[PDB]
Amino acid sequence: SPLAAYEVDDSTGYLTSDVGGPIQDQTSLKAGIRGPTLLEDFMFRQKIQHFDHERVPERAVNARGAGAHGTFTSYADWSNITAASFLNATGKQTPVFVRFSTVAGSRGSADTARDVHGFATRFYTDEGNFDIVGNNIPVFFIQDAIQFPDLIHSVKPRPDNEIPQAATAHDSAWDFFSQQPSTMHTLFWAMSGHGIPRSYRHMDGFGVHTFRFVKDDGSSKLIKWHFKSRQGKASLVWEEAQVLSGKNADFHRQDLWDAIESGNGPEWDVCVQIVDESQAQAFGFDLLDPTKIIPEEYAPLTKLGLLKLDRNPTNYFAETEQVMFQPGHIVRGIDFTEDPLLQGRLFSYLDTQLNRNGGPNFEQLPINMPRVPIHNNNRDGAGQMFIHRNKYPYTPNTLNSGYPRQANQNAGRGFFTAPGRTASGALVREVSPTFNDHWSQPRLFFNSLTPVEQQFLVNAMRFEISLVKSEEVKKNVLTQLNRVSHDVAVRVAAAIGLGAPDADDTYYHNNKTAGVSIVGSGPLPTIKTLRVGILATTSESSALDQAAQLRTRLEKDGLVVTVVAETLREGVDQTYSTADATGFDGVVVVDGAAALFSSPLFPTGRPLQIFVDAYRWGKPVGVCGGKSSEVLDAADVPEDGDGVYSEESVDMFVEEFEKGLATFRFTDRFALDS
Amino acid sequence: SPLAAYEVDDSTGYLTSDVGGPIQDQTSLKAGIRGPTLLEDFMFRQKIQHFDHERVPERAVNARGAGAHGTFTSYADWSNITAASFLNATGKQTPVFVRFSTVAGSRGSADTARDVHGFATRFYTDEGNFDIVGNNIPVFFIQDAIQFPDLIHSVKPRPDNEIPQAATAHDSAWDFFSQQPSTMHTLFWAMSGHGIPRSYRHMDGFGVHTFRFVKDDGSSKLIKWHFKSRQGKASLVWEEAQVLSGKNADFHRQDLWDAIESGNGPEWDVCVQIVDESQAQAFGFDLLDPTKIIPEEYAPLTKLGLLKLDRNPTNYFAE
Amino acid sequence: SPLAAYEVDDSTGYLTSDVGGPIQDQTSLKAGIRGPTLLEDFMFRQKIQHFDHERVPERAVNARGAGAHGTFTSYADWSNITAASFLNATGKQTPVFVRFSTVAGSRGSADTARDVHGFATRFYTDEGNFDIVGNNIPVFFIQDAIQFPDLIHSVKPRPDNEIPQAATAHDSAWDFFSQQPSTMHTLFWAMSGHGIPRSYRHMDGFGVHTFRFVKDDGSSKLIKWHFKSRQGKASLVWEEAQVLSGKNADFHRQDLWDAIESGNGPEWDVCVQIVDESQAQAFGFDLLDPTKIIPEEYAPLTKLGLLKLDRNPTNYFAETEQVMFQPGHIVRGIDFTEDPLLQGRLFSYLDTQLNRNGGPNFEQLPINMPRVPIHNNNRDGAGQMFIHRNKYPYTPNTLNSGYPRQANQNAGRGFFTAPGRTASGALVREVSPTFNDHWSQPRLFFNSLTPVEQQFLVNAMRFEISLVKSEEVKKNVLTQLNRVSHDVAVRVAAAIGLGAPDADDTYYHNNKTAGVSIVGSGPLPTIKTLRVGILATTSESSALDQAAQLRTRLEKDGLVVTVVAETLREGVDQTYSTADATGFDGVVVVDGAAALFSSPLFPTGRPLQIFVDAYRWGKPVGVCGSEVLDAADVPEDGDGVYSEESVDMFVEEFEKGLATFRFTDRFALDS
Ligand code: HEM
Ligand code: HEM
Ligand code: HEM
Ligand SMILES: [Ca+2]
Ligand SMILES: [Ca+2]
Ligand SMILES: [Ca+2]
Ligand SMILES: [Ca+2]
Ligand SMILES: [Ca+2]
Ligand SMILES: [Ca+2]
Ligand SMILES: [Ca+2]
Ligand SMILES: [Ca+2]
């Protein structure tokens with residue numbers, strides 16, 4: 001364990017105060033047995049003081065999230081492109097901590113809200129902590145950091161009543177998107193399956209901004225970070241995400257925790273697109289613009305190394321709640337660009353940590369400490385944990401022999417700003433006209449989705465915009481959507497009873513780009529960790545025998561099996577009362593249980609509804625045992641449908657079923673606009 | 001009202017800093033049109049500093065809740081039982097503010113979690129602010145305040161993974177309940193429909209503790225506070241409440257906001273049960289024990305006044 | 001020790017950020033060589049952010065202070081009187097940290113203010129940290145903790161202009177004293193030399209309150225803590241203290257630091273008076289009353305152990321500024337009493353540390369950590385430095401097997417309230433009538449001082465009360481003083497041109513008590529560390545020779561010698577320009593320097609003024625090798641005036657003078 005030095009064991013021993021005096025903490029000290037509590041009860045006050053002070057402010061954004069420890073391993077010595085030490089040798093390993101999150105919701109909001117997601121990675125390198133504070137979507141809503149509070153105020157709950165929680169489905173958000181057209185690209189992403197990923201493990205990570213890789217000789221290249229999931233791309237469907245948000249608000253954090261505990265820690269290839277400084281404006285947009293992607297057709301990915309998360313935190317508050325990332329945590333070999341969104345972020349993280357931590361020594365929390373020595377003249381501050389020996393903490397000095405020494409390009413492996421960087425011109429609060437095309441790339445993204453996928457995106461927009469009360473805002477939203485796609489505007493307008501404006505073809509085109517579609521990304525590369533719900537009954541010993549056999553066959557392949565029946569007993573994990581289709585990636589009914597398809601033990605129709613929901617939401621579903629018509633007919637599920645299975649043979653059933661799990665979603669169950 | 005004086009109107013005008021200097025806030029100041037951002041950009045830093053510091057710690061318990069302004073009106077001059085000035089004359093009106101809440105969930109969790117609920121009432125009286133910080137259930141889980149962090153750690157999410165949110169449905173909570181039998185009464189209440197009320201307006205409020213009414217002559221009587229809902233008693237069913245948690249996490253706060261905006265502000269009769277000091281142990285239990293109710297058969301309610309909530313906040317955070 | 005693990009070495013290495021990235025910190029990153037500074041300069045912002053956030057609130061009181069580390073050693077197994085683990089074996093050693101302080105001044109105010117002084121001692125015991133948060137005066141101004149903000153607002157600067165700093169010499173303070181008669185006892189102590197101690201090492205430590213010693217059998221006795229200085233008792237005189245406040249604001253903290261660095265770390269016998277519970281009102285006053293001492297005639301001292309301070313801090317901010325004492329840091333074998341001053345203190349220290357630290361994990365700071373394992377269910381909070389493995393931090397639990405287990409009188413060496421303690425009666429906001437005598441003990445104290453000592457205390461009151469603008473307050477002050485002593489009232493009234501009220505003999509008496517007088521406590525038991533200024537000249541090679549001969553002798557006897565001359569050179573420590581009589585405990589002029597008694601190198605008459613100030617302030621003074629003594633109007637026959645050609649002889653006599661320390665016959669007395 002990377003933080004073992006800081007762990008406190010309470011598996012033995014007597015209760016003590018924080019200063020080691022043995023005490024009790026179960027009854028207050030009173031003046032008589034039915035008397036008033038005494039002020040001199042220090043046991044009471046120290047315990048309740050601590051409780052009263054347990055909370056710290058949630059993150060201003062990305063308040064809802066979860067983290068894990070792991071390791072990064074480099075695939076090569078990358079000297080040829082960067083001086084970065086963590087990348088300087090094949091097989092070199094660096095500990096990491098990653099936190100994943102939504103953006104809008106507070107603490108305690110649902111994991112399966114539709115939102116942008118954070119993906120923040122710390123590399124505890126041998127030349128300092130390096131943080132990549134990224135998202136699951138490669139482009140951001142706005143083109144200047146100064147706009148962030150406008151965006152976030154608009155998305156977060158209306159400030160008179162604090163409604164609605166963790167949702168863009170309200171007037172203010174769509175007022176802002178329609179007034180600030182830069183938002184279109186990220187908006188289209190958020191309205192796709194990327195807004196409701198199946199898990200943190202099934203999403204990619206992006207730095208969003210263009211950064212620089214800087215060699216020890218001072219030359220630089222432009223880069224984009226892209227962490228490519230080894231688990232596949234996968235989304236929920238919206239109706240499923242809504243039910244999930246109520247049945248399991250902790251869905252993503254539980255999925256990550258469980259995958260790690262089972263030895264299925266998630267992996268990504270840490271990649272970059274690498275281009276020349278001369279290509280800043282060569283691709284038909286400006287690399288300083290965080291609303292644009294570099295299509296892969298123009299710049300392929302270079303795999304730098306492997307990221308694997310394989311260790312859960314010991315204490316969530318101390319590790320996951322207190323981790324404080326900064327894009328300012330940069331190392332020699334990396335530099336910034338003049339992306340005005342990035343530029344302003346550099347200020348915000350350092351300042352906001354004062355808010356959360358309540359004082360300036362937040363880098364001393366165990367989770368934030370580096371894994372190398374610290375030499376500097378930073379002193380004092382509330383919560384100062386060091387005892388500095390150097391009594392002359394100023395530069396230049398002779399009384400400490402000139403130490404610490406200055407580090408720079410030529411000495412001490414100092415960070416240095418890419419020396420080819422320049423600035424010219426007027427000091428201006430002006431937007432570059434190179435940033436002005438807000439619509440072509442949203443259209444590129446949309447064009448690249450499959451037909452059903454395009455339908456899901458249209459449907460997400462229909463859902464949210466139909467909840468906007470202002471007819472003017474709705475009109476304004478159609479005006480912007482229509483600049484990306486007339487057809488999107490027409491289909492969305494249909495649901496809200498307004499007319500779409502006439503086509504405006506300025507930014508329309510037919511181009512597509514690879515690697516942005518979820519539905520088109522093919523079957524999952526692994527089905528380990530995927531969840532199978534076996535619906536059985538205690539009414540028939542035969543049904544539980546079937547479920548035990550099925551369990552064995554499925555578990556051999558690393559699937560997580562839940563057997564559901566009316567009541568618990570050995571071999572049954574979950575009652576119908578607590579079971580839901582959102583708990584599973586595939587659902588199997590054992591034919592011994594066909595009769596179930598009213599009781600005081602579960603809501604009326606529960607067993608059938610689990611099956612029907614799983615089918616409606618695109619999941620593989622099946623009946624095992626040979627007798628299937630009763631169940632399939634009660635569920636209105638066609639026996640010969642794609643992703644519908646019926647076999648007597650457990651082996652055969654499982655072989656076919658596992659293909660369905662990799663396919664993951666049977667999209668021919670969803671209606672399309674004609 | 002201290003609040004009228006602090007309302008700020010932004011329906012007109014040019015944007016200013018917090019020190020009244022007119023500014024813009026849409027583009028950062030840069031060294032050239034494609035250049036880096038300048039440290040001298042005070043418009044940027046004041047805006048972003050404020051954003052960076054918007055959040056404050058959520059309440060240690062009852063983090064999820066919603067409030068409204070209203071009035072309390074006394075039905076009589078209650079001098080006969082209490083010196084309390086807000087209760088000293090028929091018709092006397094006192095401004096109030098009430099916040100309703102769940103207990104275990106963080107500030108973004110669902111209103112329809114199964115839980116105890118807070119019902120905290122401030123009376124801004126002519127002799128000082130008086131708060132009755134109560135619940136929708138008349139009895140509490142534990143018999144000594146020193147146990148609170150035990151109960152709350154047990155019911156809040158397990159501290160290695162912070163799972164599960166806003167729920168007693170996990171080992172630690174049931175470990176605590178089964179090890180601490182005082183928990184049984186409140187547990188039974190939370191597992192009834194009182195754990196999943198239909199709205200804040202359809203639940204009652206209780207002080208829980210025995211308090212004292214004290215006359216100007218120094219004499220005292222023992223009292224229980226019970227705010228009786230004029231809307232009636234109603235619950236959700238469990239499956240319904242689970243679905244609502246997903247489809248509308250804001251369900252209770254929206255319900256209250258809407259009732260107020262429509263001129264249907266909710267009402268309670270503020271009542272007490274009143275017994276003599278000599279009855280502290282007369283009913284087969286100790287009135288100092290917050291796990292016990294006084295059955296109405298042993299002590300009827302006296303209606304003191306009318307509490308009505310009829311005005312929503314202007315800014316949720318500030319109020 | 002928690003502290004060794006947290007020491008950080010910067011004697012080698014390249015500069016890094018706080019996250020270990022090598023950086024520079026001397027030039028801002030700019031858009032061009034004459035260009036504006038960039039927001040992306042993280043090197044600048046992390047450095048400036050830290051600087052901008054260096055300061056923390058000063059202590060609400062006792063903000064000006066200094067600390068050191070040391071050791072406590074028990075003289076015996078004290079089982080027979082207390083269960084306290086640190087007292088349970090002969091020779092048992094416990095690390096300590098002590099901070100000494102004034103009370104009213106802010107953190108940059110002078111050490112030599114006239115004030116009560118704090119003497120706060122932490123014992124890092126093998127059963128928890130135990131703090132005795134005491135003062136250099138055994139009694140306090142007020143009888144109920146709830147009055148503390150009244151006392152402290154009255155003594156601290158007037159709140160419109162924040163004038164005057166670190167002084168009771170203003171109207172509000174004397175308005176409070178004269179309206180709240182409980183203040184008289186501490187006031188008399190503050191107005192004596194106890195208000196201006198010569199150093200932290202020359203003052204005693206007192207717990208003030210009655211506490212309990214509790215045995216493992218549950219029995220208790222009542223105790224007073226008294227730390228008896230092994231360096232002796234000594235004071236400044238007031239004029240010397242005033243000059244010192246300007247010439248060396250750091251005088252006491254420097255004195256302590258130097259004593260430690262020189263292997264002369266200060267010692268105290270840690271003592272108690274011990275009496276039975278039945279004696280709580282047996283001595284003519286109530287032992288719950290913090291305005292009363294137990295005269296030693298009624299209860300002698302038991303020496304429990306030795307306190308020695310012998311190591312300075314490494315980082316003042318991290319150790320001295322951040323140490324957070326609490327009377328709530330109590331251990332098994334000690335209990336509280338129902339002293340209403342002590343009772344409220346218990347709440348204050350815990351709460352105020354939230355203010356200073358800015359979050360609840362202040363016991364995690366290295367200086368506040370214990371030296372034993374911590375097992376509890378305290379969690380989270382800002383600045384949480386632990387990673388707790390127990391994921392069931394509630395009691396009762398089965399999922400962590402019942403741990404941590406409850407500790408109490410019969411398990412786990414738990415703290416327990418003394419079991420014989422009871423309470424009975426109405427719940428009242430009433431002062432016990434047993435607290436009502438505010439004047440007899442102030443009179444006892446005053447009676448116990450030597451005539452010159454009584455003069456000094458009278459002169460302190462004359463000085464301060466003459467600065468009170470309000471005629472009404474001055475009159476009220478005389479009313480109260482007169483209840484203690486009519487003579488004090490008369491003598492103080494004479495300075496302010498008011499008439500004293502007629503004698504009111506209700507509380508007058510002629511009783512005296514041992515151990516409260518400084519002047520009467522005899523010569524100092526050691527003169528090591530005391531300071532000798534040798535006034536010399538570069539004019540005469542012979543002056544320098546004389547000085548160096550004196551130096552050899554005096555340094556072997558543990559004295560700190562400063563040779564002063566017009567300019568620095570080999571063997572000269574200080575210039576006349578920077579020298580002052582307040583820098584010295586004794587002054588010697590070498591024969592060769594007689595000429596100096598105008599130059600661009602020091603102010604006119606500086607050499608003579610040092611000798612004259614030292615004589616006026618009562619110090620041993622001499623000439624080694626007539627004219628100098630004539631120039632200074634100093635009588636050759638005077639007590640503590642030395643005039644010898646023999647160096648050996650001079651040294652022997654002068655060193656007796658240093659032990660006597662002050663020659664009080666140089667001070668005029670009222671007649
Ligand atoms: C490219 C666009 C951006 C991305 C990908 C991004 C990513 C993130 C992520 C992942 C987190 C959560 C880190 C964690 O898990 O603890 C975060 C937090 C935060 N972000 Fe950014 N963000 C971006 C833009 C901004 C901008 C423009 C600002 C302000 C000018 C900003 C201010 C914050 C603040 C104040 C926090 C809370 C940080 C803390 O308390 O530690 N974000 N952001
Ligand atoms: C009769 C049993 C109890 C009832 C009815 C009760 C009621 C409440 C209510 C209604 C709130 C929310 C007030 C608001 O809306 O802001 C609250 C908050 C709180 N409660 Fe209590 N509570 C009880 C027991 C306790 C105990 C025993 C403790 C501690 C020993 C305690 C500590 C707190 C704390 C620390 C908060 C947060 C207050 C704040 O941040 O303003 N509660 N409680
Ligand atoms: C017997 C009377 C008292 C004595 C001997 C005493 C002694 C002390 C000492 C020595 C300090 C400084 C500790 C240090 O060096 O850090 C101190 C600080 C303090 N005292 Fe007391 N005191 C007494 C009465 C009180 C009362 C009645 C209160 C309040 C009700 C009080 C509140 C404080 C506070 C708030 C501080 C600052 C503590 C900190 O910041 O850590 N004092 N006192
Ligand atoms: Ca809105
Ligand atoms: Ca540089
Ligand atoms: Ca649990
Ligand atoms: Ca019901
Ligand atoms: Ca009810
Ligand atoms: Ca004054
Ligand atoms: Ca004296
Ligand atoms: Ca024991």
# chains A, B, ... in the order shown; residues from 1 in each chain; ligands from 1
>>> residues_near_ligand(ligand="ligand 3", cutoff="7 Å", atoms="only C-alpha atoms and all ligand atoms", output="PyMOL selection string")
chain C and resi 59-62+65+99-101+118-120+133-135+139-140+144-146+148+207-209+290+323-325+341-342+344-345+348-349+352-353+356
>>> closest_atom_pairs(of="chain B", to="chain A", cutoff="7 Å", atoms="only C-alpha atoms", output="Markdown table")
| residue | atom | partner | partner_atom | distance |
| --- | --- | --- | --- | --- |
| B:25 | CA | A:146 | CA | 6.6 |
| B:26 | CA | A:147 | CA | 5.9 |
| B:27 | CA | A:429 | CA | 5.2 |
| B:28 | CA | A:429 | CA | 5.5 |
| B:29 | CA | A:429 | CA | 4.6 |
| B:30 | CA | A:428 | CA | 5.4 |
| B:31 | CA | A:427 | CA | 4.7 |
| B:32 | CA | A:425 | CA | 4.3 |
| B:33 | CA | A:432 | CA | 5.6 |
| B:34 | CA | A:432 | CA | 6.3 |
| B:35 | CA | A:338 | CA | 5.6 |
| B:36 | CA | A:338 | CA | 4.8 |
| B:37 | CA | A:343 | CA | 6.0 |
| B:44 | CA | A:146 | CA | 5.8 |
| B:48 | CA | A:348 | CA | 6.6 |
| B:49 | CA | A:351 | CA | 6.9 |
| B:51 | CA | A:149 | CA | 6.2 |
| B:52 | CA | A:352 | CA | 4.7 |
| B:53 | CA | A:355 | CA | 5.6 |
| B:54 | CA | A:60 | CA | 6.9 |
| B:55 | CA | A:57 | CA | 5.5 |
| B:56 | CA | A:57 | CA | 4.5 |
| B:57 | CA | A:57 | CA | 3.9 |
| B:58 | CA | A:55 | CA | 6.5 |
| B:60 | CA | A:55 | CA | 6.2 |
| B:105 | CA | A:108 | CA | 6.4 |
| B:106 | CA | A:108 | CA | 4.8 |
| B:107 | CA | A:107 | CA | 6.1 |
| B:108 | CA | A:106 | CA | 4.6 |
| B:109 | CA | A:108 | CA | 4.4 |
| B:144 | CA | A:27 | CA | 6.5 |
| B:146 | CA | A:44 | CA | 5.8 |
| B:147 | CA | A:26 | CA | 5.9 |
| B:149 | CA | A:51 | CA | 6.1 |
| B:159 | CA | A:316 | CA | 5.8 |
| B:160 | CA | A:315 | CA | 4.4 |
| B:161 | CA | A:316 | CA | 5.5 |
| B:162 | CA | A:316 | CA | 6.2 |
| B:163 | CA | A:250 | CA | 6.5 |
| B:164 | CA | A:250 | CA | 6.4 |
| B:165 | CA | A:108 | CA | 6.1 |
| B:242 | CA | A:246 | CA | 5.3 |
| B:243 | CA | A:246 | CA | 5.5 |
| B:244 | CA | A:246 | CA | 6.7 |
| B:245 | CA | A:246 | CA | 4.5 |
| B:246 | CA | A:246 | CA | 3.5 |
| B:247 | CA | A:242 | CA | 6.0 |
| B:249 | CA | A:165 | CA | 6.8 |
| B:250 | CA | A:164 | CA | 6.4 |
| B:313 | CA | A:160 | CA | 6.4 |
| B:314 | CA | A:160 | CA | 5.3 |
| B:315 | CA | A:160 | CA | 4.4 |
| B:316 | CA | A:160 | CA | 4.9 |
>>> residues_around(residues="stretch 299-305 of chain A", least_positions_apart="4", cutoff="8 Å", atoms="only C-alpha atoms", output="number ranges by chain")
A: 72-76, 78, 87, 269-275, 294-295
>>> write_last_selection(atoms="C-alpha atoms", output="PDB file, in the first residue's frame")
ATOM      1  CA  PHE A  72       1.402   3.282 -14.812  1.00  0.00           C
ATOM      2  CA  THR A  73       4.022   1.412 -16.886  1.00  0.00           C
ATOM      3  CA  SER A  74       5.827   3.032 -19.796  1.00  0.00           C
ATOM      4  CA  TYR A  75       6.071   1.125 -23.138  1.00  0.00           C
ATOM      5  CA  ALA A  76       9.323   2.794 -24.173  1.00  0.00           C
ATOM      6  CA  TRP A  78      10.172   8.438 -24.876  1.00  0.00           C
ATOM      7  CA  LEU A  87       8.318   8.150 -19.594  1.00  0.00           C
ATOM      8  CA  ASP A 269      -3.632   2.657 -22.915  1.00  0.00           C
ATOM      9  CA  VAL A 270      -2.277   6.143 -22.194  1.00  0.00           C
ATOM     10  CA  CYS A 271      -1.974   7.657 -25.686  1.00  0.00           C
ATOM     11  CA  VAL A 272      -1.133  10.899 -27.396  1.00  0.00           C
ATOM     12  CA  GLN A 273      -1.761  12.465 -30.765  1.00  0.00           C
ATOM     13  CA  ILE A 274       1.541  14.266 -31.557  1.00  0.00           C
ATOM     14  CA  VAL A 275       1.773  17.077 -34.127  1.00  0.00           C
ATOM     15  CA  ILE A 294      -8.036  16.456 -34.022  1.00  0.00           C
ATOM     16  CA  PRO A 295      -9.701  13.775 -36.144  1.00  0.00           C
TER      17      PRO A 295
END
>>> residues_near_ligand(ligand="ligand 5", cutoff="10 Å", atoms="only C-alpha atoms and all ligand atoms", output="ChimeraX atom specification")
/A:407-409,414-419 /C:23-24,27-30,41,43
>>> residues_near_ligand(ligand="ligand 10", cutoff="7 Å", atoms="only C-alpha atoms and all ligand atoms", output="PyMOL selection string")
chain C and resi 192-193+235-237+453+456+518-519
>>> residues_near_ligand(ligand="ligand 6", cutoff="7 Å", atoms="only C-alpha atoms and all ligand atoms", output="PDB file with N, CA and C atoms, in the first residue's frame")
ATOM      1  N   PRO B 157     -22.606   6.268   4.856  1.00  0.00           N
ATOM      2  CA  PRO B 157     -22.001   5.256   3.989  1.00  0.00           C
ATOM      3  C   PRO B 157     -20.783   4.657   4.619  1.00  0.00           C
ATOM      4  N   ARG B 158     -20.501   3.391   4.264  1.00  0.00           N
ATOM      5  CA  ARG B 158     -19.306   2.735   4.843  1.00  0.00           C
ATOM      6  C   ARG B 158     -18.057   3.548   4.443  1.00  0.00           C
ATOM      7  N   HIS B 170     -27.715  -1.441   5.005  1.00  0.00           N
ATOM      8  CA  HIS B 170     -26.328  -1.926   4.951  1.00  0.00           C
ATOM      9  C   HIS B 170     -25.963  -2.400   6.317  1.00  0.00           C
ATOM     10  N   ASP B 171     -24.992  -3.305   6.330  1.00  0.00           N
ATOM     11  CA  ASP B 171     -24.585  -4.019   7.530  1.00  0.00           C
ATOM     12  C   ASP B 171     -24.343  -3.112   8.727  1.00  0.00           C
ATOM     13  N   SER B 172     -23.578  -2.024   8.547  1.00  0.00           N
ATOM     14  CA  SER B 172     -23.184  -1.241   9.746  1.00  0.00           C
ATOM     15  C   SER B 172     -24.402  -0.692  10.528  1.00  0.00           C
ATOM     16  N   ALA B 173     -25.411  -0.255   9.775  1.00  0.00           N
ATOM     17  CA  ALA B 173     -26.561   0.384  10.408  1.00  0.00           C
ATOM     18  C   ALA B 173     -27.312  -0.653  11.232  1.00  0.00           C
TER      19      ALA B 173
END
>>> residues_around(residues="residue B:206", least_positions_apart="2", cutoff="12 Å", atoms="only C-alpha atoms", output="PyMOL selection string")
chain B and resi 116-121+132-140+203-204+208-211+223-229+268-273+290+293
>>> select_by_dssp(residues="stretch 411-654 of chain C", states="strand (DSSP E)", output="ChimeraX atom specification")
/C:531-535,560-565,574-575,586-590,621-624,641-644
>>> write_last_selection(atoms="C-alpha atoms", output="CSV table (one decimal), in the first residue's frame")
chain,number,residue,atom,x,y,z
C,531,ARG,CA,25.5,39.0,32.5
C,532,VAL,CA,28.6,41.2,33.1
C,533,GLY,CA,29.3,44.3,31.0
C,534,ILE,CA,33.0,45.2,31.1
C,535,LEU,CA,33.3,48.8,29.8
C,560,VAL,CA,28.2,35.8,30.2
C,561,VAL,CA,30.8,38.5,29.6
C,562,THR,CA,30.4,41.3,27.2
C,563,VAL,CA,33.4,43.6,26.6
C,564,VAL,CA,32.2,47.0,25.3
C,565,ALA,CA,34.4,49.6,23.6
C,574,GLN,CA,29.8,45.2,21.5
C,575,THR,CA,30.1,48.9,20.7
C,586,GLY,CA,26.7,43.8,36.7
C,587,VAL,CA,28.9,46.6,35.2
C,588,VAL,CA,32.7,46.8,35.5
C,589,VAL,CA,34.8,49.7,34.2
C,590,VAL,CA,38.4,48.9,33.6
C,621,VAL,CA,29.0,48.0,39.9
C,622,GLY,CA,32.7,48.5,40.1
C,623,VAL,CA,36.0,49.8,38.8
C,624,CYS,CA,38.9,47.4,38.3
C,641,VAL,CA,30.1,49.2,44.8
C,642,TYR,CA,33.5,47.5,44.1
C,643,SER,CA,36.9,49.2,43.8
C,644,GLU,CA,40.0,46.9,43.7
>>> select_by_dssp(residues="stretch 182-258 of chain B", states="helix (DSSP H, G or I)", output="ChimeraX atom specification")
/B:182-191,193-195,200-202,238-247,251-258
>>> write_last_selection(atoms="C-alpha atoms", output="mmCIF file, in the first residue's frame")
data_model
loop_
_atom_site.group_PDB
_atom_site.id
_atom_site.type_symbol
_atom_site.label_atom_id
_atom_site.label_comp_id
_atom_site.auth_asym_id
_atom_site.auth_seq_id
_atom_site.Cartn_x
_atom_site.Cartn_y
_atom_site.Cartn_z
ATOM 1 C CA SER B 182 -32.752 1.789 22.411
ATOM 2 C CA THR B 183 -32.901 2.158 18.618
ATOM 3 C CA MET B 184 -36.022 -0.056 18.309
ATOM 4 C CA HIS B 185 -38.726 2.629 18.664
ATOM 5 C CA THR B 186 -37.364 5.058 16.094
ATOM 6 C CA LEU B 187 -36.424 2.108 13.838
ATOM 7 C CA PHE B 188 -40.102 0.966 13.817
ATOM 8 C CA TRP B 189 -41.180 4.510 12.965
ATOM 9 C CA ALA B 190 -38.574 4.830 10.120
ATOM 10 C CA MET B 191 -39.651 1.450 8.721
ATOM 11 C CA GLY B 193 -44.631 5.057 6.152
ATOM 12 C CA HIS B 194 -43.256 7.827 8.385
ATOM 13 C CA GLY B 195 -39.859 6.973 6.807
ATOM 14 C CA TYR B 200 -43.083 17.828 4.043
ATOM 15 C CA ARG B 201 -46.646 19.158 4.274
ATOM 16 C CA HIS B 202 -48.077 15.719 5.092
ATOM 17 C CA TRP B 238 -41.628 2.007 -0.988
ATOM 18 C CA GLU B 239 -41.361 1.048 -4.650
ATOM 19 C CA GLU B 240 -42.805 4.468 -5.556
ATOM 20 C CA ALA B 241 -40.296 6.275 -3.356
ATOM 21 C CA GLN B 242 -37.392 4.313 -5.010
ATOM 22 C CA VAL B 243 -38.591 5.304 -8.510
ATOM 23 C CA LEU B 244 -39.048 8.930 -7.390
ATOM 24 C CA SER B 245 -35.499 9.023 -6.040
ATOM 25 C CA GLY B 246 -34.364 8.416 -9.636
ATOM 26 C CA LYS B 247 -36.989 10.410 -11.572
ATOM 27 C CA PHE B 251 -39.692 15.846 -5.150
ATOM 28 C CA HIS B 252 -40.307 17.243 -1.600
ATOM 29 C CA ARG B 253 -38.645 20.584 -2.187
ATOM 30 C CA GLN B 254 -40.592 21.020 -5.465
ATOM 31 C CA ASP B 255 -43.810 20.036 -3.722
ATOM 32 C CA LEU B 256 -43.295 22.683 -1.006
ATOM 33 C CA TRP B 257 -42.143 25.401 -3.428
ATOM 34 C CA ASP B 258 -45.122 24.802 -5.658
#
